[PDB]
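Structure record follows, encoded as structure tokens.
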Amino acid sequence: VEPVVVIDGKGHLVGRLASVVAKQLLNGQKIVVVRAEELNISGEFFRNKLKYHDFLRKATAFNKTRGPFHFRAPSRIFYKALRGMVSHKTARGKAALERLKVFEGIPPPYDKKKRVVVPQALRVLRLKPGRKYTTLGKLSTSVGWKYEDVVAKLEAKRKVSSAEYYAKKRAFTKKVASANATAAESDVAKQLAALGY
Amino acid sequence: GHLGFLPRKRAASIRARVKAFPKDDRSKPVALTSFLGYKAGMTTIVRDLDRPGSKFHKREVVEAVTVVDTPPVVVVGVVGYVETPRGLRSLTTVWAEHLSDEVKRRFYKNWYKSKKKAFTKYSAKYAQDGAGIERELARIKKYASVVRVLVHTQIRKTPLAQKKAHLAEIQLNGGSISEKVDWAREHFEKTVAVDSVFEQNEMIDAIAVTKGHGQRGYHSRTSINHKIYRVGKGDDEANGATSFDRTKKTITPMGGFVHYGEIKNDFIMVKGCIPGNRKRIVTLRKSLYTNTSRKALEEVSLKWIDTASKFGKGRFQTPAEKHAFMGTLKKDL
Amino acid sequence: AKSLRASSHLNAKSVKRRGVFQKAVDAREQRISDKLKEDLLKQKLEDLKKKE
Amino acid sequence: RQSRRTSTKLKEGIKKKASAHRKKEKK
RNA sequence: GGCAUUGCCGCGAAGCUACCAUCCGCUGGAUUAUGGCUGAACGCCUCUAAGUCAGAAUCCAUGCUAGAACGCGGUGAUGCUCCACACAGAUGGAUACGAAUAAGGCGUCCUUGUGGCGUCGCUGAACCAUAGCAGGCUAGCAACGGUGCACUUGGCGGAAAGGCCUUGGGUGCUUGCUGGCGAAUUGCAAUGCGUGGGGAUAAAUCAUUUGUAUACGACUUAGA
RNA sequence: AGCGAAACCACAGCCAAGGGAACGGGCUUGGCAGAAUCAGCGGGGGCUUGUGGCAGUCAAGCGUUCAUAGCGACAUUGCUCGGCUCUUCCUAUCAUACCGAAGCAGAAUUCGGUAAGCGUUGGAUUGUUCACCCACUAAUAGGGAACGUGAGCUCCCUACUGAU
RNA sequence: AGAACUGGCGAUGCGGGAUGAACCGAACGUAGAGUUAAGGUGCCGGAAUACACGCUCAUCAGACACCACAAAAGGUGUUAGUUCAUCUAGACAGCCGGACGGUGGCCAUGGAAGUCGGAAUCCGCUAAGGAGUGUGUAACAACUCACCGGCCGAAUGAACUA
């Protein structure tokens, strides 16, 4: 298939996404998730914002510091989520979340390299059209993550510097799709077609 | 006890560090944000309180103020930190070639045995029109949001035998990073005056490591909002002389401060009491914001500085005050 | 009684911000550009004592 | 917050409440 | 004053140390209750369903404390030299727009637009590579391209840049086209960069010294 | 610096919940966890809630047939041997915070809402304490943590505070 | 609570129910191969991120287990039904118009005209108007819906059941 399947959250459902991202490591599959912050979920916002804090309270008694550590940053939010379906703790586990990697944003060296998605888990394609659905970003923040922006900003950058890229490419092709077009229709070609190609 | 002051454990150094820095005003030209110095005892102060609406309006008021020995301080480097998704990350520091014995001494735990070969093959990296040096400046000048300055104490000027210069980072709240570096470029090796960071009648916070005892004490503490009463300069004689008293005397009591020497250079006189003790290094930051209260608006009119010897008791102020009262004695004539 | 984090003292100490103590900094900011830049000029005098 | 685990003393102390509802109806 | 289980009294700096004294004790978001704005459901109305404004000592940041002893970065100093040995799963290619999805690509004309005309999608089942002893040795034709390799010119990349392009020449290879030789017997399957001593030199520790520190450590100092 | 025991010893000793049986210490599901060691403390071993019961005009329906086998919801008619420190959590809030209502003019009051952020006193009685009163303050709210702090009262293991 | 009967455990492992004396399957020589039980097939977990029809948004849903307790009801949440009624002789909603004459009925009384009250709630006119459903006034007015009618052009309303 491919050795590294850089995924991409951007419109997925923390769950589901996970699960599969999961299985795939368990079955020896180096993944890498990006744009964590643009991960989604189900339900209103003022929920996930609960189904969480609660989570927050948790924490330990006698010694708060030793206990259920409440990570903020998206990435991790979603991590957990996942290190939660992988018998983590046991060689085969550790041996996984060993195979994982979840960045917010989409820093190098991944910027430069195709990503992809996981049908079987996009908002668009699973949530009964028009239904309440939260979007990490806020949901992180709302509860600590101090950067939403940096990401953001130091984003827009990327997008740029790319699209730009694009172009240059779109320009390129066009030429091909043109050469091939013309130098298309001469024998040789023909033939192929017969077979199909 | 207070929960927030946990863990109540030992500070990392004798020099506590500035946790925060003042924000930014991009309209301003480049300015330092803080300054360092050494704690030097406690002195009594009187002045008329020109605070309106007060039960002590226009009356005389007595208060204990601490004097901190703050010499002029020297830049030896500039730093660039990029904003990251993970906070801040110094991508480059870059220095100034001609480093003092005091600064270099900070890079050896055992200075005596050393071959004193420190900033040397870095100093030959300087030896040209720039090239590599001016590259790393351009590095910073391109990226990096906050530009911080590497500086050290002039401890030889100090009456302390510690001889080993302290390094402290101080950022720059002057707008535009192009200016920030092109201010640090000119100011390499240059000594920086104290009065060119703080004026009299200003709120500042202070940092210091606290008076250790026997675990108990020896923590970093920052106190907030403390009014600078007096900024004095070592070249000007009669620091103790106000506009009122005008009798020529130094702020230093007869025979130096308690366990601290004569104040032979610049100083700051701050309201109340800085944390820690005498000898300890304090770094003074300029209060993070603008606290416009009438507690901060008032400009003070100092009346008289108590320069009596605090070691034992003090009935007099100058040596000229001892023999005008005693007359003359056996060992004199 | 009102806290430090209450809405009363927050609005009160927001209007007064643009007072004298933004301009007293600018009045001192010139002394940073004066005597400290005279330190650049004083060491340029001693460098001309070495260049002679 | 409340739980959604049935403790077994309850899960089987429901059966022994349901059995009492069987003998109650007959009489 | 030699001495008085610390002889008594007057007072005393240094310290032990105290509401028994002095200084200090912060500003931005997002909310609940609630008051609204537009406004359906339900040809009226309605703070609500889609929206949206303000708002509690709340919440969450800012600020404050510590810094993960298995979280990280930048920067200073030379490991260098002489001998003796020791050697969690690659198998054609991670094949770069962004945003929407009651919408979008892609192409074209410009009246430069939320513009028109054209067209695509309904799976990567694609695309690009792909023939030669696990890939040899030699003969031409046609192109002036494709590509490998150390060099060289210039430029880009700081989020974890640690790569990505380009210019010039040299040198291979070319399956674009045609050739000329070799393959056996492998016998009918069993994939086929550390040590242990030296030498030169950077530094730390111990020992000493200082006390801002101290149960002991640790910490701070100072010394060719 | 030397000399040098004994008692004791199945085995180890992190939390949270579940493990039906006044059984959790090995199990189940989680949180987690980095070698090595010294000094402290006196640290541990689907229950219920607010409006009584009795007779009755009640009056939707269900009663083998269906008001008269008869019950029957909210209402309305009649009688009538304890209590002094120090931690933590709960909201069912006494104050402080902001609102909503009141013939609430103003000041103050009453009722109600969100809220546990921050606060919650001192004196005469003890034949078994099984009662209370004026003095202040913004107000002097109620409770839980079982033999809470009765191994603070009339040389077993480890949490924790720190230190290498 | 007591009596009788029939099982289960007791002398009993094995799959399942996250875990277990009482539940579900299944009573055991050592193996290979096949098929299943009970229970499952997002991931932890072997097994359809299967197909098909619907239903549900919960400010800590639900997966709670003879549907048994807190349960009788509440809700301008929502989907379906049942039984009464209007419906191009124009319904429902909606601005518009009338909403009257004995009469400002009669006792109560400073003041009662429908509207602070007490007992009747009549009669005439019409398309239809209650001796009156509220706002308001010292009392009146004006407004009001209820009952018609016109302008519009179709399905609407009530009580309940699940």
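Following Swiss-Prot, chain B residues are numbered 12-225, 269-387, in order.
Going by what the header records, the deposited coordinates were determined by electron microscopy, 3.6 Å.
Heads up, the Cβ atoms here are built off N, Cα and C, so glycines get one too.
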Annotated residue, ubiquitin cross-link, per Swiss-Prot; candidates B:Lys136, B:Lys201, B:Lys333: B:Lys136
Annotated residue, phosphothreonine, per Swiss-Prot; candidates B:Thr54, B:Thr103, B:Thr382: B:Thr103
Residue carrying phosphoserine as stated in Swiss-Prot, selected out of B:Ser45, B:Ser156: B:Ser156
Swiss-Prot annotation, phosphoserine - which of B:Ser125, B:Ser297, B:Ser341: B:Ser297
Among B:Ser24, B:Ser134, B:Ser207, residue with annotation phosphoserine (source: Swiss-Prot): B:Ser24
By Cα-Cα distance, the member of recorded positions B:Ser24, B:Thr103, B:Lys136, B:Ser156 nearest B:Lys39 (ubiquitin cross-link): B:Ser156
Sites among the recorded positions B:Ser24, B:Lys39, B:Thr103 close to chain C [C-beta, under 8 Å]: B:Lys39
Alpha-carbon distance [B:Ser24 (phosphoserine); B:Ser297 (phosphoserine)] in Å: 41
Spatially closest candidate among B:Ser24, B:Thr103, B:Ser156, the listed modified residues, to B:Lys136 (ubiquitin cross-link) (Cα to Cα): B:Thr103
